[PDB]
Each structure stands twice: as C-alpha cells, then as structure tokens.
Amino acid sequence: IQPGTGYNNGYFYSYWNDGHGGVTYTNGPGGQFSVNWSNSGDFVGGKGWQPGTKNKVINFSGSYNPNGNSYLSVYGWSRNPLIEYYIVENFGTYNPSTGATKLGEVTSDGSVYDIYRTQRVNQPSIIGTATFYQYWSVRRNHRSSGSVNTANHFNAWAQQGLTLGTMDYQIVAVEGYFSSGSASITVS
C-alpha cells in the first residue's frame, strides 16, 4: 500500500512517509498490520480508529524489532486546537522525547511515564503545513504488548495545561527514522 488512509478489516489505518524509500507497510487480517524497513527515511503507520476518543482503552500485541531509530506508540491528533500526541510504549536506539520539555510524570498500566511537550514549526500535519504542539507520554518499562488507558494520559496532560480539542484519528503505530526493522502488531 502507498501512503494514505482508509479502512481495513474493521480498522482505520494511516500510513505516512517522507518519500525516501525503504519501507513496506502491510495491512493484515483483523486488527493486524506489519512494517518491514531497511535504510528508510521518516515514516509512521498503523491501525485504530477515526475518530479516537478521550477515554479509549487500547490493546496491542505482537512483535517489535527495530534496528535503529524507531518507536511503537499510541499516536493521534486533535483539532481546534491542532495537537499531535504520542503514548510511547517502546523505542529503539533514540529516545524520541529528547529535547522536549518535561512537564511531569503519570503512572498508568504498570509503569511510570514521563510527560513532555514541544512545538513543531511549519511541519506536515493532518490539515497541511502548520505550527502546533506535540504531547508525549513515554513509558519507562518498555514493552511490545499491553493495554493503554488513554484517559490517564489525557487527564495528566490536562493537569499540566495540555489541552486537547476535537479528536481526529487514534492508532497504534510504528515509526521509523533512517533505520531498519520489522514489526507485526495487532490492535484491539
């Protein structure tokens, strides 16, 4: 499949890349998707919902084998205000919160998470090139299966002044950045 969005076997999916080459995104049965990549550029893709909700409990299971810069996350957006957010469950060779401003900590689903915000300036988004805030919750106890109670994150972010607008999509995604890897993830 090429970059874009749609529905597959009951689930919304989104797949984006920077045009560099080196990545295959594949939709599988039910809530499954796979990603295989080798000397990629920047990409992110996965399965979930359009729209997401502010209290969804998201389950993920499978195998995640990055070789380099990559992360596995609950990933989504809100509109009005435009916000990109990540609840990062595992990552590869680089902590994607590096350089973001730490706002606090929240405990959820068996781990402490560190909470951060940063600003993206004139960058691609669901509504076109824009400037917008990006929120992060990064799990300390890395894992490739589990359950994410999104309300714990959204509420902790709100306590630190981190407002979310009207929900757009909400997926479990694999991201890569100039790396290689494989992953097979099933969402529920």
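For every residue, the number given is its place in the sequence shown, counted from 1.
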{"query": "Entry-level comparison of average CA B-factors, 167 to 175 and 7 to 15, reporting the higher stretch", "finding": "7 to 15"}
{"query": "Mean Cα B-factor comparison, 45 to 53 or 155 to 163, giving the higher one as deposited", "finding": "155 to 163"}
{"query": "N149, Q119, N141, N69, ranked by C-alpha B-factor: the highest one", "finding": "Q119"}
{"query": "Options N65, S38, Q123, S137 - largest CA temperature factor per the record", "finding": "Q123"}
{"query": "CA B-factor ranking of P96, expressed as a third of its chain", "finding": "lowest"}
{"query": "Lowest, middle or highest third - CA B-factor, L103", "finding": "highest"}
{"query": "Third of chain Cα B-factors occupied by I185", "finding": "middle"}
